[PDB]
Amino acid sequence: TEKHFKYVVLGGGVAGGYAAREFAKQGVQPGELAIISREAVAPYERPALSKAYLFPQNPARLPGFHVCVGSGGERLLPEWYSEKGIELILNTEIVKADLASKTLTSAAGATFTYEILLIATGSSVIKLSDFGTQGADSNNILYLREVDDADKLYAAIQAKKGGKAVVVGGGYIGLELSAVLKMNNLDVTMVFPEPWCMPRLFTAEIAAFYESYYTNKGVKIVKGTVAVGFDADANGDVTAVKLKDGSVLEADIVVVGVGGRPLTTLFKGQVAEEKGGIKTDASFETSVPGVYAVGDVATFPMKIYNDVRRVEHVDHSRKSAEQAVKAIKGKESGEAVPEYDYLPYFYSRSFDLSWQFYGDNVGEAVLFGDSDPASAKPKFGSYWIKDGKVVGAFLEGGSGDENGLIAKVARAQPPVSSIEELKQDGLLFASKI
């Protein structure tokens, strides 16, 4: 009929799951907390979907990558929630939220009320149909966001093995999926309009490592164009991808990753919005008191650069959720909570490659170490320098110890005397803060 909970988390993804963990840690009592989710499963570590979920043998499958294993904490199975009297309400989609009345409505008519609301609704894919691309509705043109998408992609990879796959996009989705499709032995061509891959993060030299490495694996890369059409066949299945530059690629499966948008749609006009997200303070509270927003949807004060930003980082989803739960319990008990202080951190893994990045990629980049893609065990990095201070750091193929160092460089923002003593001595510069 109508259920009330003191705390309601809306969205059962990374941040919802991590928030539930912090609620338990902070001494949440049975009956107080609900987590409302549109998916059929308990919170899971979404980055595995474009990685081990799609491996040729013994792909990762739930319940193995439920949160919080992805950061090495305990696995929250559905029975973890119910053991704590945390109500995990699955297969439920909120289609209406009314903040004044503190009321949420499901597609099927159930209503939920709350005292405190944690919005963790994440992001949705941008699709090529969004802007009328010809034949974009053809079957086997596929997007990847949730585990249900992952199963369909996996089923289509099985059907089309030994086929041709086109990947549209050069973001981390494009790169990761291009790799997995080549590991499943399809003939892969990657296509994107930007001039090199990962264009919001990589510099031209970084990108040239990855693009050469991919081409050596057999993944072709076409840059500076876009798909403007798709040919199909009688059952309605994609057969071809028509490029803007007149060219045409054979295709049995197309995987698209041209970015996303935060699902703020329920709250439009009800909270302040900024840079596409829901504006939060340093404790993740919105314009409306007792309503918080975390993970992809939140636009928050980035204290280290004295800026306001919105990010799409698994690590931020985890930390922002913890911060909001600590702020809510802080408000109840009077006790002071320190301002969110996030250091941006992104990572990816494709083929047998693995890189990290920390900080801000502004200013002049300088490479160090070894960029030859023909090394069996490639290792190299890059620092970004602004105002005689290193403000960002990247590393491909670091041990785990070294990743620790660059993170420290990124935080401390150490001066640069000599560029030369920095390029011979890339990882060795780090030690001298």
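For every residue, the number given is its place in the sequence shown, counted from 1.
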44-52 or 403-411, whichever carries the higher mean Cα B-factor: 403-411
Greater mean Cα temperature factor according to the PDB record, 368-376 or 387-395: 368-376
Deposited CA B-factor, highest of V248, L128, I119, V255: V248
Residue selected from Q323, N216, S317, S123 by maximal Cα B factor: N216
CA B-factor placement of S37, once the chain's modelled residues are sorted into thirds: lowest
Lowest, middle or highest third - CA B-factor, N140: lowest
Modelled-residue ranking by C-alpha temperature factor, third containing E194: middle
Ranked C-alpha temperature factor of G171 among modelled chain residues, by third: lowest
B-factor third for the C-alpha atom of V337 within its chain: highest
